[PDB]
Structures are given as structure tokens and as C-alpha cells.
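*Asks:* Quick one: structure below, then a few questions.
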Amino acid sequence: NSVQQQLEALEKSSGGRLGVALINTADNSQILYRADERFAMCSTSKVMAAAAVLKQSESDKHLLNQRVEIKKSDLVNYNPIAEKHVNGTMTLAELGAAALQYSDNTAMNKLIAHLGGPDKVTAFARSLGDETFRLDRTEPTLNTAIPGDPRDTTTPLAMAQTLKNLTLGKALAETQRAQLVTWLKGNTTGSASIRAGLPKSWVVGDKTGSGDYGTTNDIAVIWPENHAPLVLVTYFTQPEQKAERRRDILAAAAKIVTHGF
């Protein structure tokens with residue numbers, strides 16, 4: 001069909017490899033493109049870590065208020081919130097918000113450590129029935145995005161299904177689900193990615209990521225006017241280590257797959 005042809009042409013023109021999974025929750029119809037192929041998640045993996053802490057808060061109502069010390073040695077390559085709290089503390093809620101809304105890599109490492117390591121983030125994914133997601137490394141090395149490296153990868157379809165389950169389905173109890181959605185809706189890094197291909201009237205929660213190999217990612221829950229939500233994963237990557245980030249490709253893919261709503 002013409003949608004598939006447009007995605008093929010977009011990928012061909014890009015020089016890279018495009019992965020798209022759109023789930024239309026009105027009827028669970030899907031638009032898929034390379035949706036069973038692995039892609040490095042980069043900072044999009046942070047949704048799984050934040051959600052795992054939210055799950056824990058179902059059994060400890062006040063867990064999100066618990067404080068975590070931030071030390072100079074904790075700082076990694078991109079720390080916009082954590083660097084302001086060195087030799088102080090952040091709450092787990094502040095760490096979740098920093099990880100998701102500002103893509104703070106130190107905050108992600110604090111979440112990973114809290115949970116018991118990358119393997120435990122993976123174990124949480126498994127508890128949601130996601131057998132595809134794997135987190136293997138901490139920040140910043142989980143963003144290497146090396147072609148053919150299975151570490152810190154998932155598929156667009158597995159991630160769309162999981163994002164749907166987390167934000168709209170039964171992965172989290174209601175208060176926790178609502179908290180995750182609030183965080184994603186407050187993202188500060190996603191206006192040039194999926195959002196840029198959608199009507200301005202639509203409400204969006206998303207989490208972006210980027211990496212080496214010009215890896216450019218975004219995962220989103222989309223609330224169109226007068227319609228059931230859509231869940232969209234757009235992963236993009238290029239064959240050269242130092243290729244530039246291409247958020248415009250994600251915006252273009254988002255526009256191609258969301259007509260008619």
C-alpha cells in the first residue's frame with residue numbers, strides 16, 4: 001500500500017535503517033515497518049527503569065519521596081538535573097522526572113542502581129510479558145548503538161506493545177500509570193521528533209533517545225482529537241559511527257503513518 005511505499009522511500013532516501021510500529025487502539029490495527037528488527041533503545045530505555053520504580057511504589061506508597069544522594073562521581077556525559085544537586089539529594093520522583101523529561105543519564109544510573117542493575121530492569125520487562133527488551137549496560141555505554149550488537153536493544157513492535165501496556169494497559173496500578181503518563185506528557189526533548197509530524201491539537205507523551213551511529217529514537221502515546229489513542233515507536237539508525245542525528249526522519253515517519261485521524 002501507499003503508506004508502506006512512503007516508508008520504504010523515506011528509508012531509502014535517509015541512507016539508514018528505519019523501524020516503525022504504530023498501534024491504533026481503536027481496533028488494534030497496526031502499521032509496521034521493520035518492526036521485528038532489533039534497534040538500540042538508547043535513552044528510550046529509561047521508560048522501563050522509571051516504570052519499574054513506579055511498580056515498586058504500589059507496595060510502598062511513599063517510595064517516590066525517598067531521597068538519593070548525588071555525588072560528583074555519579075556524573076556521566078549528560079546530567080542537566082543531577083549536576084544541580086551534587087552533594088545534595090533527589091527524591092525518586094525527581095529522578096524519574098529527570099530521567100524521562102530531561103533525559104538525565106545520571107538520574108537513569110541512579111534508577112538502574114536502585115533496581116539492582118540492568119538485569120533487573122530486564123526482569124521487570126519480563127514481568128510485563130516483554131521477552132524482547134534487554135538492558136545490559138549502565139550509562140553512558142548503553143548508547144553505543146553498534147550495528148549487530150544485541151546489548152540494550154528491543155524491537156519497535158515489542159516496545160510499542162510494552163509502552164501501550166504501561167501507559168494504557170494493566171502493567172501498573174492506576175495511580176502509577178497516571179504518574180508515568182504525566183511524566184511523558186511533560187517531556188522537554190521531543191518537539192522535533194514524533195510530535196513534529198502530528199497536528200498541534202493532539203496531546204502527546206513521549207521519550208526520545210539518540211546514540212552513536214546517528215541513532216535517533218522516539219516512543220510516544222498519542223491522544224488525537226475525537227479518537228482512541230495511538231501508540232507509536234520510531235527508531236532510526238545509520239551505518240556510520242559519527243552520522244548526525246536525524247529527528248526530522250522521525251517526524252516524517254510519524255506524519256506518514258497518522259493520516260485519517
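Numbering starts fresh at 1 for the residues of each chain in the C-alpha cells, the chains themselves are lettered A, B, ... in the order given, and ligands are numbered from 1 as they appear.
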Could you give me, as JSON lines, a per-residue list for stretch 69-141 of chain A showing, wherever an atom lies at most 9 Å from an atom of stretch 189-210 of chain A, the closest pair of atoms and their distance in Å to one decimal, using only C-alpha atoms and sorting by chain then residue number from low to high?

*Replies:*
```
{"residue": "A:100", "atom": "CA", "partner": "A:207", "partner_atom": "CA", "distance": 6.5}
{"residue": "A:101", "atom": "CA", "partner": "A:189", "partner_atom": "CA", "distance": 7.1}
{"residue": "A:102", "atom": "CA", "partner": "A:189", "partner_atom": "CA", "distance": 6.7}
{"residue": "A:103", "atom": "CA", "partner": "A:189", "partner_atom": "CA", "distance": 7.8}
```

*Asks:* Identify, on the basis of only C-alpha atoms, every residue whose closest approach to residue A:2 does not exceed 12 Å; exclude the query and any residue fewer than 6 positions from it along the same chain; express the result as a list in words.

*Replies:*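 So, after excluding close chain neighbours, the residues are residues 8, 9, 31, 256, 257 and 259 of chain A.
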
*Asks:* Keeping only N, CA and C atoms, take the residues you just selected and write them out as a short mmCIF file (atom, residue, chain, number, x, y, z; two decimals), in the first residue's frame.

*Replies:*
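Below you can see out_22.cif, which holds the result:
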```cif
data_model
loop_
_atom_site.label_atom_id
_atom_site.label_comp_id
_atom_site.auth_asym_id
_atom_site.auth_seq_id
_atom_site.Cartn_x
_atom_site.Cartn_y
_atom_site.Cartn_z
N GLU A 8 9.19 3.09 2.81
CA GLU A 8 10.30 2.50 2.08
C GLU A 8 11.12 3.59 1.43
N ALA A 9 10.43 4.56 0.82
CA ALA A 9 11.07 5.68 0.15
C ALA A 9 11.77 6.58 1.16
N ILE A 31 0.46 -0.40 11.89
CA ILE A 31 1.32 -0.09 10.75
C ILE A 31 2.72 -0.42 11.22
N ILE A 256 3.59 10.33 8.05
CA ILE A 256 3.15 9.32 7.09
C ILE A 256 2.14 8.35 7.70
N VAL A 257 2.37 7.89 8.92
CA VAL A 257 1.56 6.81 9.48
C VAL A 257 0.32 7.26 10.25
N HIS A 259 -2.17 9.69 9.16
CA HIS A 259 -3.22 10.35 8.40
C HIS A 259 -4.57 9.71 8.67
#
```

*Asks:* Taking the chain letters and numbering used in this document, name the residues of stretch 11-208 of chain A that DSSP puts in alpha helix (DSSP H), as a ChimeraX atom specification.

*Replies:* /A:11-14,46-57,92-101,105-115,118-127,156-167,174-185

*Asks:* I'd like the interatomic distance between atom CA of residue A:228 and atom CA of residue A:130, to a tenth of an Å.

*Replies:*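 Going from atom CA of residue A:228 over to atom CA of residue A:130, I get 23.4 Å.
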
*Asks:* For residue A:171, which of A:56, A:66, A:144, A:43 is the closest residue, counting only C-alpha atoms?

*Replies:*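 Closest residue, counting only C-alpha atoms: A:56.
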
*Asks:* State, in Å with one decimal place, the distance from atom CA of residue A:172 to atom CA of residue A:55.

*Replies:* 6.1 Å

*Asks:* Set the distance at 9 Å and use only C-alpha atoms: which residues neighbour stretch 17-23 of chain A once local chain neighbours fewer than 2 positions away are removed? I'd like the list as a PyMOL selection string.

*Replies:* chain A and resi 7-8+10-12+14-15+25-39+155-161+164+229-239+249-250+253-254+257-258

*Asks:* Can you spit out the residues from that selection as a short mmCIF file (atom, residue, chain, number, x, y, z; two decimals), in the first residue's frame, using N, CA and C atoms?

*Replies:*
```
data_model
loop_
_atom_site.label_atom_id
_atom_site.label_comp_id
_atom_site.auth_asym_id
_atom_site.auth_seq_id
_atom_site.Cartn_x
_atom_site.Cartn_y
_atom_site.Cartn_z
N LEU A 7 7.10 4.82 3.47
CA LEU A 7 8.11 4.49 4.48
C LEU A 7 9.38 3.93 3.83
N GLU A 8 9.19 3.09 2.81
CA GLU A 8 10.30 2.50 2.08
C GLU A 8 11.12 3.59 1.43
N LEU A 10 11.15 6.79 2.32
CA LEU A 10 11.78 7.61 3.36
C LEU A 10 13.08 6.95 3.83
N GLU A 11 13.04 5.65 4.07
CA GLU A 11 14.23 4.91 4.47
C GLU A 11 15.33 4.95 3.41
N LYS A 12 14.95 4.66 2.16
CA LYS A 12 15.89 4.70 1.03
C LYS A 12 16.61 6.05 0.92
N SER A 14 17.13 8.19 3.26
CA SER A 14 17.84 8.52 4.50
C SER A 14 19.25 7.95 4.57
N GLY A 15 19.52 6.88 3.83
CA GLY A 15 20.79 6.15 3.95
C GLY A 15 20.85 5.15 5.09
N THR A 25 -5.29 2.00 18.77
CA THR A 25 -6.06 1.34 19.84
C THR A 25 -7.57 1.32 19.60
N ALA A 26 -8.06 1.97 18.54
CA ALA A 26 -9.48 1.88 18.18
C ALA A 26 -9.86 0.45 17.82
N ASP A 27 -8.96 -0.26 17.13
CA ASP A 27 -9.23 -1.64 16.72
C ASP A 27 -8.01 -2.56 16.79
N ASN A 28 -6.93 -2.06 17.39
CA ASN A 28 -5.64 -2.75 17.47
C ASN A 28 -5.02 -3.13 16.11
N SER A 29 -5.42 -2.40 15.07
CA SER A 29 -4.73 -2.43 13.78
C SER A 29 -3.35 -1.81 13.93
N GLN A 30 -2.43 -2.22 13.06
CA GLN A 30 -1.03 -1.79 13.16
C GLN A 30 -0.45 -1.36 11.83
N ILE A 31 0.46 -0.40 11.89
CA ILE A 31 1.32 -0.09 10.75
C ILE A 31 2.72 -0.42 11.22
N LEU A 32 3.33 -1.42 10.57
CA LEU A 32 4.65 -1.93 10.93
C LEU A 32 5.65 -1.79 9.80
N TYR A 33 6.87 -1.41 10.15
CA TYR A 33 7.96 -1.35 9.18
C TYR A 33 9.22 -1.75 9.92
N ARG A 34 9.82 -2.88 9.53
CA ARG A 34 10.98 -3.46 10.24
C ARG A 34 10.72 -3.59 11.75
N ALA A 35 9.48 -3.90 12.09
CA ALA A 35 9.04 -3.86 13.50
C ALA A 35 9.51 -5.05 14.33
N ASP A 36 10.02 -6.08 13.66
CA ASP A 36 10.61 -7.23 14.33
C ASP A 36 12.15 -7.20 14.33
N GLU A 37 12.74 -6.09 13.89
CA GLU A 37 14.20 -5.96 13.90
C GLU A 37 14.67 -5.27 15.16
N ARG A 38 15.86 -5.65 15.64
CA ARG A 38 16.42 -5.02 16.83
C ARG A 38 17.04 -3.65 16.54
N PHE A 39 16.83 -2.73 17.48
CA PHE A 39 17.44 -1.40 17.45
C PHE A 39 17.88 -1.06 18.85
N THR A 155 12.76 -4.40 19.83
CA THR A 155 12.17 -4.21 18.50
C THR A 155 11.09 -3.14 18.59
N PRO A 156 10.77 -2.49 17.47
CA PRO A 156 9.72 -1.48 17.56
C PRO A 156 8.39 -2.07 18.00
N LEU A 157 8.06 -3.27 17.51
CA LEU A 157 6.78 -3.88 17.93
C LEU A 157 6.74 -4.22 19.43
N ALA A 158 7.81 -4.80 19.96
CA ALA A 158 7.83 -5.14 21.38
C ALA A 158 7.70 -3.86 22.21
N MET A 159 8.42 -2.81 21.81
CA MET A 159 8.36 -1.57 22.57
C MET A 159 7.01 -0.86 22.48
N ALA A 160 6.35 -0.93 21.32
CA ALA A 160 5.03 -0.33 21.18
C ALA A 160 4.02 -1.08 22.05
N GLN A 161 4.08 -2.40 22.02
CA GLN A 161 3.19 -3.20 22.85
C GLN A 161 3.41 -2.88 24.32
N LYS A 164 2.28 0.65 25.27
CA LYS A 164 0.82 0.59 25.40
C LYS A 164 0.40 -0.02 26.73
N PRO A 229 -6.53 6.48 21.54
CA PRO A 229 -5.10 6.75 21.41
C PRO A 229 -4.38 5.90 20.37
N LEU A 230 -3.25 6.44 19.92
CA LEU A 230 -2.32 5.70 19.07
C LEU A 230 -1.03 5.53 19.84
N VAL A 231 -0.33 4.41 19.65
CA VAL A 231 0.98 4.22 20.29
C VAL A 231 2.00 4.04 19.17
N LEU A 232 3.05 4.86 19.19
CA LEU A 232 4.00 4.90 18.08
C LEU A 232 5.44 4.81 18.52
N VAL A 233 6.17 3.87 17.94
CA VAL A 233 7.61 3.76 18.10
C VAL A 233 8.28 4.06 16.76
N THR A 234 9.19 5.03 16.74
CA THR A 234 10.01 5.29 15.56
C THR A 234 11.47 5.22 15.96
N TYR A 235 12.16 4.19 15.47
CA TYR A 235 13.59 4.01 15.71
C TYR A 235 14.33 4.19 14.39
N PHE A 236 15.45 4.91 14.41
CA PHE A 236 16.22 5.14 13.19
C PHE A 236 17.70 5.06 13.50
N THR A 237 18.45 4.46 12.58
CA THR A 237 19.89 4.35 12.79
C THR A 237 20.62 4.30 11.47
N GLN A 238 21.91 4.61 11.51
CA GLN A 238 22.69 4.79 10.29
C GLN A 238 23.94 3.93 10.37
N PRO A 239 24.60 3.68 9.22
CA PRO A 239 25.67 2.70 9.25
C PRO A 239 27.04 3.21 9.69
N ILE A 249 13.58 12.71 10.40
CA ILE A 249 13.15 11.45 9.83
C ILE A 249 12.02 10.85 10.68
N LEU A 250 12.12 11.03 12.00
CA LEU A 250 11.08 10.51 12.88
C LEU A 250 9.79 11.31 12.71
N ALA A 253 8.19 10.11 9.48
CA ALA A 253 7.57 8.80 9.64
C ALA A 253 6.25 8.93 10.40
N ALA A 254 6.25 9.74 11.46
CA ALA A 254 5.04 9.98 12.25
C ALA A 254 3.92 10.59 11.40
N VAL A 257 2.37 7.89 8.92
CA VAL A 257 1.56 6.81 9.48
C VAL A 257 0.32 7.26 10.25
N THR A 258 0.12 8.57 10.44
CA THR A 258 -1.01 9.06 11.24
C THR A 258 -2.09 9.85 10.48
#
```

*Asks:* For a quick check of understanding, using only C-alpha atoms, which of A:90, A:260, A:178, A:247 has the smallest distance to residue A:224?

*Replies:* A:260

*Asks:* How many Å separate atom CA of residue A:162 from atom CA of residue A:128?

*Replies:*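 Atom CA of residue A:162 sits 7.4 Å away from atom CA of residue A:128.
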
*Asks:* Tell me, as a ChimeraX atom specification, which residues lie within 12 Å of residue A:121, counting only C-alpha atoms; anything in the same chain fewer than 4 positions away does not count.

*Replies:* /A:45-53,55,108-109,111-117,125-128,130,133-138,152

*Asks:* Smallest atom-to-atom distance to residue A:225: which of A:139, A:261, A:57, A:129, using only C-alpha atoms?

*Replies:*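 Of A:139, A:261, A:57, A:129, the one nearest residue A:225, counting only C-alpha atoms, is A:261.
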
*Asks:* Taking only C-alpha atoms into account, name the residue in A:72, A:120, A:67, A:246 that is nearest to residue A:95.

*Replies:*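 Looking only at the distances to residue A:95, the closest residue turns out to be A:67.
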
*Asks:* What's around stretch 75-89 of chain A at 6 Å? Count only C-alpha atoms, leave out sequence neighbours fewer than 6 positions away in its own chain, and write the answer as an NGL selection string.

*Replies:* :A and (67-69 or 104-106)

*Asks:* Residues at most 10 Å from residue A:54, counting only C-alpha atoms, excluding those fewer than 4 positions away in the same chain, as JSON, numbers by chain?

*Replies:* {"A": [48, 49, 50, 58, 59, 60, 61, 63, 64, 92, 93, 96, 172, 173, 175, 176, 177, 179, 180]}

*Asks:* Dump C-alpha atoms for the selected residues as a JSON list (two decimals), in the first residue's frame?

*Replies:*
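Now in out-v7.json:
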```json
[["chain", "number", "residue", "atom", "x", "y", "z"],
["A", 48, "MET", "CA", 11.36, 0.78, 31.63],
["A", 49, "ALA", "CA", 13.50, 1.84, 34.60],
["A", 50, "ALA", "CA", 11.10, 4.61, 35.70],
["A", 58, "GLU", "CA", 2.44, 0.04, 44.52],
["A", 59, "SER", "CA", 3.75, -1.83, 47.59],
["A", 60, "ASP", "CA", 5.42, 1.25, 49.18],
["A", 61, "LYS", "CA", 3.06, 4.23, 48.83],
["A", 63, "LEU", "CA", 8.68, 5.30, 47.81],
["A", 64, "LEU", "CA", 8.74, 8.25, 45.37],
["A", 92, "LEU", "CA", 12.99, 9.02, 43.46],
["A", 93, "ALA", "CA", 10.15, 11.06, 41.92],
["A", 96, "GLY", "CA", 12.06, 9.62, 37.44],
["A", 172, "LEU", "CA", 0.84, -0.55, 36.54],
["A", 173, "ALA", "CA", -1.93, 0.20, 39.04],
["A", 175, "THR", "CA", -2.11, 5.97, 40.24],
["A", 176, "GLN", "CA", 1.25, 4.73, 38.97],
["A", 177, "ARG", "CA", 0.05, 4.55, 35.33],
["A", 179, "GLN", "CA", 2.16, 9.18, 37.06],
["A", 180, "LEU", "CA", 4.03, 7.63, 34.13]]
```
